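Scroll down for the structure; my scribbles are underneath it.
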Amino acid sequence: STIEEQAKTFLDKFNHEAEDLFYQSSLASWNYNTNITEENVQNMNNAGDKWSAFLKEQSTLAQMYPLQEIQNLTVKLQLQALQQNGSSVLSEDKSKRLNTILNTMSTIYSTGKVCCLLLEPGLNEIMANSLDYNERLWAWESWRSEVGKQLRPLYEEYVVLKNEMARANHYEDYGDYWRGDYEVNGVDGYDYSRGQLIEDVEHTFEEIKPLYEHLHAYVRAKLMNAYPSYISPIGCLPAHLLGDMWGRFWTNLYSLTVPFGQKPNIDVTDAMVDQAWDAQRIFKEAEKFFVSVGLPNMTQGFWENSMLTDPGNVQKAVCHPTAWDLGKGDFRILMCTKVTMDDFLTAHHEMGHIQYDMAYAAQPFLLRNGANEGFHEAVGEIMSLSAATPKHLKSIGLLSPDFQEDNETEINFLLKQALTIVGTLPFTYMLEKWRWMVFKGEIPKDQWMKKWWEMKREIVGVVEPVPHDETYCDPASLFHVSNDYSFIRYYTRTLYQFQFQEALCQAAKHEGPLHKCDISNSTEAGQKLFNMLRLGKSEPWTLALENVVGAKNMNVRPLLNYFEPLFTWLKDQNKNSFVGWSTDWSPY
Amino acid sequence: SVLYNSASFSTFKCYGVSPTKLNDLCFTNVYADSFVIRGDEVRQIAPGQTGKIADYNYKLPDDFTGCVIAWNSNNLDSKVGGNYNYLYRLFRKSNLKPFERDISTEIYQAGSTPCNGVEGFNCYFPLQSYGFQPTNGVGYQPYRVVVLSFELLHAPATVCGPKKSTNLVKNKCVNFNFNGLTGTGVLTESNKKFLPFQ
Amino acid sequence: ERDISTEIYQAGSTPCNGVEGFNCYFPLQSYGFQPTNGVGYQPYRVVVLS
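Residue numbers (the authors' numbering), protein chains in the order written: chain D, 19 to 133, 141 to 613; chain A, 366 to 563; chain C, 465 to 514.
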């Protein structure tokens, strides 16, 4: 008779049939990721074709149901994720052309033309371990004159096709589609339009400006010991001396910059061999970690169907840090776990994803996952960071409680995380801002590459060794740009990493900084954090943020409270004549 | 008494009648309701609850004076590839009454559009299938629940017992109870027999 | 008789009091005196004189 009583019937009918098809699509893919054979290839394509056809079929039929006739503020938020349209909103002749470009840009990025050698571990070790100026520079220039040339005709047509897709769904530019995940529609008091998202990012970037100037000056002052004639103390850094090909992660530059040589970063790899771990005790210690926090344990089938070891050569396959959610009470993890210190901290990054999926187990398929995918990556980092805390390593079985915390130890620990967490944070804001002018229309095609270098010296502080024209493509050779992925999602992960850490450390009797905090031995922070993971798409991300932090927007204060010993030490070291960088400087 | 100590049942709870006094209590008519459900639907089966299972499949009475027997079953009726041998009603116009089922097919009408006896727009077939697979979780496993009903009618209670039997003691002035007759004396030997029907 | 000791009720097999096994419920329930209830649910002060 009404609309509310008939809308929930179509949702329950779709959820009871989607779980049966999504489980078979994931089970068939699990066989391909276990034994490489020609039988699992056809079983994965046939299982995935039925899921892609049944999802688009029910989305068209759901268009007849009204959307603005729901007064419950719950059923309406489930219809927006189903009635949405993708690349099939335009014409049928132009729909197949957009998918062809995505298949050509992914092949060139995976198969490099630098002669042959590929990208990783092909050109990854050259740009990281070389210690030469005429060696790693040739690898950075050859990638732009070969890969960038083949991706030039495809990147020009990628902007015109993605612009018409966003305008067909009642938007403005293509950037609103990636930024629309945090948008809260409907009628509410805490709504969050796209206009508010423009600010609150530009405000927190100004407070971190004096922090980035001290971190960038420390890396520039260290490289002068090997290049006394190519890098000036009052200049910047070249585009080939950042560690990576694109200059994103600065983790590879940690081997050259060690602040204290007395007590560096310890290695717990040799401690695990003495206790005889068969690549299984790492997950056992991670299970008892969440018990003292407040989160419940896992299920019985989790430790019987998930492969947590190396199969070897008898079962050759693939393994990468990526959590899987097959649904229907089945949870498996695909990752080669070996005796390595890097695998111990990574195990906690994937263990938290299993507890997140179990929070909305009783919820329907449409209510699965939170309001945004940025909260899932934040829980895995706040738990893995506490495992590397020197205080937490004193109450465990391995390592010596003889190594306590001091002033010379925290400096080497904060700098290692500053080259990955906040090291690529200004690069995300610069990359997102540059793509706003391309999707809008402020710059014709011949003004894309000339504007990319102008934002480098004004935001990041990276110059160019060789001047490139508009034919070359530098941002188009990125994994998140060629394969179509929202790179701005990593920006909110950095801010939410310190906001959620302060809430868990407040009830655990830890004040001041967050480097000596301990999440364990406190059954209060677990029950408070679980309330946010339970609320999926039924509640907006604004309400779930107040239940943990307390504010309705992002904050930069907890981000600066974690780098207090680092910011205090950098101001006494970079007083070597220059703090910051100049916008008019070139190495040639 | 030999069912609780067997350690082979999951949830063994009763309602109204205590699980101890039923050993020496008579009964009139005892029935059994065997049905296979999921794991999360076990908690919904209770005298006084509601939902999409206790109202469209089997309605429990408010004054239910029996027990709920349920155990886990994995190596009995499970196969890989989805189970299509058990169905259940998901939506209907009216609810159900205690001791009353519905096996006839009926097209559910959500809105105000005619269905003409076929599914389609605002017309569905409320007979979904379960997902009993040996590779899913615990809640997605088949649970063979056997609900016992204890009714009392005007007919005499023919389901009593079980009675406990001791031994035979003679040459002692103790108390004895033979077929209801309570006596206290020495069971001496007799020198004559009676009729084989008194 | 005054009983100031709290015990656990036992029903049939699976004995309780100590090991705490199966069929070991908690009989010491609560009333639930709330001002938003009815008339019969209100607390009454009964003073028995002997």
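We put the CB at the ideal spot given by N, CA and C, even for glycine.
is_contact[residue i, chain C] using C-beta, thresh 9 Å
i	result
A:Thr430	no
A:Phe515	no
A:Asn536	no
A:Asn370	yes
A:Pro527	no
A:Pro412	no
For residue i, three-class secondary structure by DSSP
i	result
A:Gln474	strand
A:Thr376	strand
D:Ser70	helix
D:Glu37	helix
A:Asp389	helix
D:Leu560	coil
A:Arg466	coil
D:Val107	helix
D:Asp355	strand
residue 566 of chain A	The requested residue 566 of chain A does not occur in the structure, where chain A is confined to residues 366 to 563.
A:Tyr451	coil
A:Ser383	coil
A:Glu516	strand
D:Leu281	coil
A:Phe400	strand
A:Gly485	strand
A:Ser494	strand
D:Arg306	helix
C-alpha distance - residue i paired with residue j, whole-angstrom precision
i	j	result
A:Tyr473	A:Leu455	9 Å
D:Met152	D:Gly354	44 Å
D:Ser602	D:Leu595	13 Å
D:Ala569	D:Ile544	20 Å
D:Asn90	A:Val401	34 Å
C:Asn481	D:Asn330	39 Å
residue 135 of chain D	D:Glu75	Because chain D is numbered 133 and then 141 with no intervening positions, residue 135 of chain D cannot be located in this model.
D:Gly561	D:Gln472	42 Å
D:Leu97	D:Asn103	12 Å
D:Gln442	D:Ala413	11 Å
A:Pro499	A:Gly431	32 Å
A:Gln493	A:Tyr453	6 Å
A:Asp389	D:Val404	57 Å
D:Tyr180	D:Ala65	32 Å
A:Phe559	A:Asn422	59 Å
A:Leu552	A:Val539	9 Å
C:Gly504	C:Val511	18 Å
D:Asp213	D:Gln86	14 Å
D:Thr567	D:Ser128	39 Å
D:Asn61	D:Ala46	6 Å
D:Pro235	D:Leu370	30 Å
D:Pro146	D:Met480	30 Å
Cutoff 9 Å: residue i Cβ touching any chain A Cβ
i	result
D:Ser19	yes
C:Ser477	yes
D:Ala532	no
C:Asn487	yes
D:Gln81	no
D:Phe28	yes
Contact list for residue i against chain E, beta-carbon separation under 7 Å
i	result
D:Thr324	Of the protein chains in this structure, namely D, A and C, none is chain E.
Test: residue i CB closer than 9 Å to a CB of chain D
i	result
A:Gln409	no
A:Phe374	no
A:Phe456	yes
A:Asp442	no
A:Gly447	yes
A:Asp405	yes
Rounded distance between the beta-carbons of residue j and residue i, thought under 8 Å
i	j	result
D:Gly173	D:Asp499	7 Å
D:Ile407	D:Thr453	Not confirmed; about 19 Å, so no contact.
A:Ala475	A:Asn460	Contact doesn't hold; Cβ gap of about 16 Å is too wide.
D:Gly551	D:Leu320	5 Å
A:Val367	A:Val524	The Cβ separation is near 16 Å, so there is no contact.
Check: residue i C-beta below 8 Å from any heavy atom of the ligand GDP
i	result
D:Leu186	Although the ligand GDP was asked about, the structure shown includes no ligands whatsoever.
Which runs of the alpha helix (DSSP H) fall wholly inside the segment 377-424 of chain D and span at least 4 residues, in chain order?
401-412
Whole alpha helix (DSSP H) elements within the segment 434-508 of chain D, 4-residue minimum:
The alpha helix (DSSP H) runs of length 4 or more contained entirely in the segment 434-508 of chain D are, from start to end of the chain, 450-465, 474-477 and 504-507.
Inside the segment 146-211 of chain D only - alpha helix (DSSP H) runs reaching at least 4 residues
161-169, 172-175, 177-192 and 200-204
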